[PDB]
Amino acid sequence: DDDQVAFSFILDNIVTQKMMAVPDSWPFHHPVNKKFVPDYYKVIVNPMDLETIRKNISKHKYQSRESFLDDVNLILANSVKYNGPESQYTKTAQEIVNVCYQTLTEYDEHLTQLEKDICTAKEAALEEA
C-alpha cells in the first residue's frame, strides 16, 4: 500500500502548503455552517471544502490526479454558482484551483511515476484474486 501512502502524502502537502496558504482562503477550509450561510445547502448540491479533501486523502480516496482535481474543481464550480463569476470568493477559489494545477505540474514526473505504480500494484492484487 505504500506508493498510495506516498501519493496521498504529497496531495496532502499540496493542500496544506499551497491551497490553504492562499490569502483569505479561510471560507474554503471547512464545510459551510448553515448558521452562517443559511441558503448554502439549498443552492449547492455537491458541497466541497479543503477539510473534506484532506479527510479524503487520509482515507486514500484519490488514486490519481484526476479524481483529486475533480474535487478541487468542484470548490470553484460551487463558488461560481453560489457567489457569481466575479465575486471575491470566486477569485480566491480560482487562485486555490490555479495554484493546485501549477504544483501538480511542477511535480508531474514523480506523480506520473506514482500513478502508474499504484495501478501496477492494483493489478498484482487482482492476479491474486
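For the two forms, the rigid core is made up of the largest set of C-alpha atoms that agree within 1.5 Å on superposition. Just count from 1 along the sequence shown to find any residue number.
Root mean square Cα distance to the shown form, taken over structures and residues in 9 other deposited structures of this protein after a core fit, is higher for 37 to 45 when 74 to 82 and 37 to 45 are compared. Take 60 to 68 and 27 to 35, fit the other structures onto the shown form by the rigid core, and average the C-alpha distances in 9 other deposited structures of this protein: the farther stretch is 27 to 35. Judged by mean Cα B factor in the deposited record, 118 to 126 ranks above the other of 1 to 9 and 118 to 126. Averaged over Cα atoms, the B-factor as recorded in the entry is higher for 36 to 44 than for the other of 67 to 75 and 36 to 44.
By the numbers in the PDB entry, the CA B factor is greatest at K59 among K81, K59, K91, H30. Ranked within its chain, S25 lands in the lowest third, by CA B factor from the PDB record.
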